[PDB]
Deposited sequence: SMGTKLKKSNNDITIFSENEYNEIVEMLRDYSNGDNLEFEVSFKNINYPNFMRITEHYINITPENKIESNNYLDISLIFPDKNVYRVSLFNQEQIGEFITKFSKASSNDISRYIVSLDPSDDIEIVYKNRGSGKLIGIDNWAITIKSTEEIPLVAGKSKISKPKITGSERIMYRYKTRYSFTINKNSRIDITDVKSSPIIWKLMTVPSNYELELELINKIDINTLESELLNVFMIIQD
(Lines of atoms letter the chains of each structure in order from A and count residues from 1; the text may use other names and numbers.)
(Lines give C-alpha, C1' and ligand atoms only; values in the text may rest on other atoms or scores of the structure.)
Protein backbone atom coordinates (compact mmCIF):
# COMPACT_ATOMS: atom_id res chain seq x y z
CA UNK A 1 0.00 0.00 0.00
CA UNK A 2 1.88 3.00 -1.44
CA UNK A 3 0.50 6.44 -2.44
CA UNK A 4 1.48 8.75 -5.32
CA UNK A 5 -0.57 11.84 -4.49
CA UNK A 6 -0.57 13.97 -1.34
CA UNK A 7 -3.90 15.24 0.09
CA UNK A 8 -3.85 18.57 -1.83
CA UNK A 9 -2.72 16.93 -5.10
CA UNK A 10 -5.46 14.27 -4.69
CA UNK A 11 -8.21 16.91 -4.35
CA UNK A 12 -6.97 19.06 -7.25
CA UNK A 13 -6.71 16.04 -9.59
CA UNK A 14 -10.24 14.92 -8.58
CA UNK A 15 -11.48 18.36 -9.78
CA UNK A 16 -9.39 17.97 -13.00
CA UNK A 17 -10.99 14.56 -13.69
CA UNK A 18 -14.45 16.10 -13.17
CA UNK A 19 -13.68 19.02 -15.55
CA UNK A 20 -12.25 16.50 -18.05
CA UNK A 21 -15.48 14.45 -18.10
CA UNK A 22 -17.60 17.61 -18.49
CA UNK A 23 -15.75 19.66 -21.10
CA UNK A 24 -15.76 19.05 -24.85
CA UNK A 25 -12.44 18.18 -26.54
CA UNK A 26 -10.55 18.06 -23.23
CA UNK A 27 -7.71 15.56 -22.90
CA UNK A 28 -6.28 14.14 -19.66
CA UNK A 29 -2.65 13.06 -19.75
CA UNK A 30 0.00 11.89 -17.28
CA UNK A 31 3.46 12.60 -18.71
CA UNK A 32 6.48 10.69 -17.36
CA UNK A 33 9.65 12.75 -17.21
CA UNK A 34 13.21 11.62 -17.94
CA UNK A 35 12.48 8.51 -19.99
CA UNK A 36 15.72 7.40 -21.68
CA UNK A 37 16.58 4.80 -24.35
CA UNK A 38 16.80 1.72 -22.05
CA UNK A 39 13.44 2.73 -20.45
CA UNK A 40 11.97 3.09 -23.96
CA UNK A 41 13.17 -0.40 -24.92
CA UNK A 42 11.85 -2.02 -21.74
CA UNK A 43 8.40 -0.36 -21.96
CA UNK A 44 7.88 -1.11 -25.70
CA UNK A 45 8.99 -4.75 -25.34
CA UNK A 46 6.84 -5.22 -22.19
CA UNK A 47 3.59 -4.08 -23.82
CA UNK A 48 4.14 -5.51 -27.36
CA UNK A 49 4.51 -9.00 -25.87
CA UNK A 50 1.37 -9.00 -23.70
CA UNK A 51 -1.12 -6.60 -25.38
CA UNK A 52 -3.58 -8.19 -27.87
CA UNK A 53 -2.78 -7.25 -31.51
CA UNK A 54 -5.98 -5.22 -32.09
CA UNK A 55 -5.17 -3.05 -29.04
CA UNK A 56 -1.73 -2.09 -30.46
CA UNK A 57 -1.45 0.94 -32.77
CA UNK A 58 1.89 1.82 -34.41
CA UNK A 59 2.37 5.18 -36.23
CA UNK A 60 5.26 7.09 -37.86
CA UNK A 61 4.43 10.79 -38.39
CA UNK A 62 5.57 14.40 -38.59
CA UNK A 63 4.05 17.01 -36.27
CA UNK A 64 4.38 20.62 -37.45
CA UNK A 65 3.50 22.98 -34.63
CA UNK A 66 2.78 26.66 -35.35
CA UNK A 67 3.12 28.50 -32.05
CA UNK A 68 1.24 31.83 -32.08
CA UNK A 69 2.04 34.89 -29.85
CA UNK A 70 -0.89 34.00 -27.54
CA UNK A 71 0.99 30.71 -26.79
CA UNK A 72 -1.70 28.57 -28.48
CA UNK A 73 -0.80 26.03 -31.17
CA UNK A 74 -2.03 25.03 -34.63
CA UNK A 75 -0.61 21.54 -35.16
CA UNK A 76 -0.58 19.57 -38.41
CA UNK A 77 0.29 15.87 -38.42
CA UNK A 78 1.43 14.22 -41.68
CA UNK A 79 1.08 10.41 -41.74
CA UNK A 80 1.93 9.68 -45.37
CA UNK A 81 5.65 8.78 -45.43
CA UNK A 82 6.15 10.13 -48.97
CA UNK A 83 4.45 13.47 -48.17
CA UNK A 84 6.76 13.79 -45.11
CA UNK A 85 9.77 13.29 -47.42
CA UNK A 86 8.40 15.77 -49.98
CA UNK A 87 7.74 18.38 -47.26
CA UNK A 88 11.28 18.03 -45.85
CA UNK A 89 12.84 18.28 -49.36
CA UNK A 90 10.73 21.19 -50.68
CA UNK A 91 10.90 23.31 -47.50
CA UNK A 92 14.49 22.79 -46.22
CA UNK A 93 15.56 26.25 -47.49
CA UNK A 94 12.23 28.04 -46.91
CA UNK A 95 11.51 30.80 -44.37
CA UNK A 96 9.19 30.35 -41.37
CA UNK A 97 6.63 32.65 -43.07
CA UNK A 98 6.61 30.52 -46.27
CA UNK A 99 6.32 27.28 -44.26
CA UNK A 100 3.52 28.70 -42.04
CA UNK A 101 1.59 29.88 -45.15
CA UNK A 102 1.72 26.36 -46.63
CA UNK A 103 0.86 24.66 -43.29
CA UNK A 104 -2.42 26.58 -42.85
CA UNK A 105 -3.33 25.95 -46.50
CA UNK A 106 -3.44 22.18 -45.92
CA UNK A 107 -6.87 20.58 -45.67
CA UNK A 108 -7.69 17.73 -43.21
CA UNK A 109 -7.86 14.12 -44.46
CA UNK A 110 -7.05 10.55 -43.32
CA UNK A 111 -3.32 11.26 -43.79
CA UNK A 112 -3.45 14.86 -42.50
CA UNK A 113 -4.70 15.46 -38.95
CA UNK A 114 -5.18 19.05 -37.77
CA UNK A 115 -5.67 20.21 -34.18
CA UNK A 116 -5.85 23.57 -32.42
CA UNK A 117 -4.32 23.32 -28.93
CA UNK A 118 -5.70 25.90 -26.50
CA UNK A 119 -2.85 26.08 -23.98
CA UNK A 120 -4.65 28.86 -22.11
CA UNK A 121 -7.21 26.29 -20.91
CA UNK A 122 -4.29 24.20 -19.66
CA UNK A 123 -4.22 22.93 -16.09
CA UNK A 124 -0.84 21.51 -15.07
CA UNK A 125 0.12 19.76 -11.80
CA UNK A 126 3.61 18.42 -11.15
CA UNK A 127 4.21 15.57 -8.68
CA UNK A 128 7.86 16.32 -7.79
CA UNK A 129 8.44 13.09 -5.87
CA UNK A 130 7.41 10.85 -8.81
CA UNK A 131 8.78 12.86 -11.79
CA UNK A 132 5.37 13.05 -13.46
CA UNK A 133 3.10 15.80 -14.69
CA UNK A 134 -0.71 15.62 -14.72
CA UNK A 135 -2.17 17.75 -17.52
CA UNK A 136 -5.60 18.58 -18.88
CA UNK A 137 -5.73 20.60 -22.14
CA UNK A 138 -8.30 21.48 -24.81
CA UNK A 139 -7.47 20.06 -28.22
CA UNK A 140 -10.01 20.93 -30.92
CA UNK A 141 -9.81 18.60 -33.96
CA UNK A 142 -10.39 20.43 -37.24
CA UNK A 143 -11.90 17.74 -39.48
CA UNK A 144 -13.56 17.51 -42.91
CA UNK A 145 -16.39 25.13 -42.71
CA UNK A 146 -12.92 25.26 -41.08
CA UNK A 147 -12.00 28.69 -39.66
CA UNK A 148 -8.20 28.76 -39.50
CA UNK A 149 -6.04 31.22 -37.49
CA UNK A 150 -4.45 34.15 -39.32
CA UNK A 151 -0.73 34.12 -40.17
CA UNK A 152 0.85 37.45 -39.15
CA UNK A 153 4.51 36.44 -39.52
CA UNK A 154 5.38 36.25 -35.81
CA UNK A 155 4.72 32.48 -35.52
CA UNK A 156 7.40 30.10 -34.22
CA UNK A 157 7.64 26.59 -35.72
CA UNK A 158 8.62 23.33 -34.01
CA UNK A 159 9.01 20.06 -35.90
CA UNK A 160 8.65 16.66 -34.24
CA UNK A 161 9.17 13.37 -36.13
CA UNK A 162 7.51 10.66 -34.06
CA UNK A 163 7.59 6.84 -34.01
CA UNK A 164 4.70 6.14 -31.62
CA UNK A 165 3.50 2.86 -30.11
CA UNK A 166 0.06 3.12 -28.47
CA UNK A 167 -1.33 0.38 -26.17
CA UNK A 168 -4.96 0.28 -25.05
CA UNK A 169 -4.58 -1.42 -21.67
CA UNK A 170 -8.34 -1.27 -20.91
CA UNK A 171 -11.49 0.59 -22.00
CA UNK A 172 -10.54 3.89 -20.31
CA UNK A 173 -6.76 4.09 -20.62
CA UNK A 174 -3.95 4.09 -23.17
CA UNK A 175 -0.14 4.01 -22.82
CA UNK A 176 1.68 6.09 -25.45
CA UNK A 177 5.42 5.51 -25.82
CA UNK A 178 7.21 7.66 -28.40
CA UNK A 179 10.69 7.98 -29.99
CA UNK A 180 10.73 11.72 -30.87
CA UNK A 181 13.16 13.73 -33.00
CA UNK A 182 12.60 17.42 -32.15
CA UNK A 183 14.01 20.47 -33.93
CA UNK A 184 13.01 24.01 -35.08
CA UNK A 185 15.13 23.37 -38.24
CA UNK A 186 13.77 21.01 -40.98
CA UNK A 187 16.93 19.55 -42.62
CA UNK A 188 18.41 18.74 -39.17
CA UNK A 189 15.31 16.93 -37.80
CA UNK A 190 15.83 13.32 -39.00
CA UNK A 191 19.40 13.25 -37.59
CA UNK A 192 19.02 14.99 -34.18
CA UNK A 193 19.34 12.68 -31.07
CA UNK A 194 16.02 11.14 -30.01
CA UNK A 195 14.18 12.16 -26.85
CA UNK A 196 11.68 9.71 -25.34
CA UNK A 197 8.14 10.44 -24.27
CA UNK A 198 5.82 8.29 -22.17
CA UNK A 199 2.23 9.11 -21.31
CA UNK A 200 -0.85 7.53 -19.75
CA UNK A 201 -3.76 9.04 -21.71
CA UNK A 202 -7.38 8.69 -20.61
CA UNK A 203 -10.11 7.75 -23.09
CA UNK A 204 -12.82 8.25 -20.40
CA UNK A 205 -12.86 9.57 -16.82
CA UNK A 206 -11.79 7.14 -14.09
CA UNK A 207 -11.67 7.27 -10.31
CA UNK A 208 -8.40 8.81 -9.07
CA UNK A 209 -7.68 5.60 -7.10
CA UNK A 210 -7.84 3.63 -10.38
CA UNK A 211 -5.46 6.27 -11.86
CA UNK A 212 -3.09 5.73 -8.90
CA UNK A 213 -3.00 1.94 -9.44
CA UNK A 214 -2.41 2.31 -13.20
CA UNK A 215 0.42 4.80 -12.66
CA UNK A 216 1.95 2.48 -10.00
CA UNK A 217 1.94 -0.35 -12.59
CA UNK A 218 3.94 1.81 -15.05
CA UNK A 219 6.38 2.84 -12.29
CA UNK A 220 6.93 -0.87 -11.50
CA UNK A 221 8.09 -1.47 -15.12
CA UNK A 222 10.38 1.62 -15.10
CA UNK A 223 12.03 1.05 -11.67
CA UNK A 224 15.34 -0.78 -11.20
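Please give the gaps, as residue ranges numbered from 1 in the deposited sequence, where no C-alpha is present.
Unmodelled stretches, in sequence order: 1-11, 156-158.
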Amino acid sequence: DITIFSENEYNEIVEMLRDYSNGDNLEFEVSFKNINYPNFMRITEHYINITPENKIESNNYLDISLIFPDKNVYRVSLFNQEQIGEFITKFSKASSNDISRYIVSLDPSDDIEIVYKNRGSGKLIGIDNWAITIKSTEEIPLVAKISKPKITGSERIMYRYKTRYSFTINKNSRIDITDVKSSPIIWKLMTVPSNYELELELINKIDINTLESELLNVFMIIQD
From here on, numbers count along this sequence of modelled residues.
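Higher mean Cα B-factor in the deposited model: 157-165 or 53-61?
In the deposited entry, the stretch with the higher C-alpha B-factor mean is 53-61.
Which is higher on average in the deposited entry, the C-alpha temperature factors of 207-215 or of 5-13?
The deposited B-factors put 5-13 ahead on the C-alpha mean.
Among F32, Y37, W187, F28, where is the Cα B factor highest in this entry?
If I rank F32, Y37, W187, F28 by C-alpha B-factor, first place goes to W187.
Please work out which residue in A144, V76, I134, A131 has the highest C-alpha B-factor recorded for this crystal structure.
That would be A144, according to the entry.
Ordered by C-alpha B-factor within the chain, which third holds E139? Give me lowest, middle or highest, please.
Bottom third by C-alpha B-factor.
Which third, lowest, middle or highest, does the CA B-factor of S183 fall in along this chain?
Answer is middle: the recorded C-alpha B-factor places it there.
Using the temperature factors of the C-alpha atoms in this entry, rank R101 within its chain: lowest, middle or highest third.
It falls in the bottom third of the chain.
By its CA B factor, does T191 count among the lowest, middle or highest third of the modelled residues in the chain?
Within its chain, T191 is a highest-third residue by C-alpha B-factor, going by the deposited values.
Check where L124 lands among this chain's C-alpha B-factors and tell me if it's the lowest, middle or highest third.
Ranked within chain, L124 CA B lands in the highest tercile.
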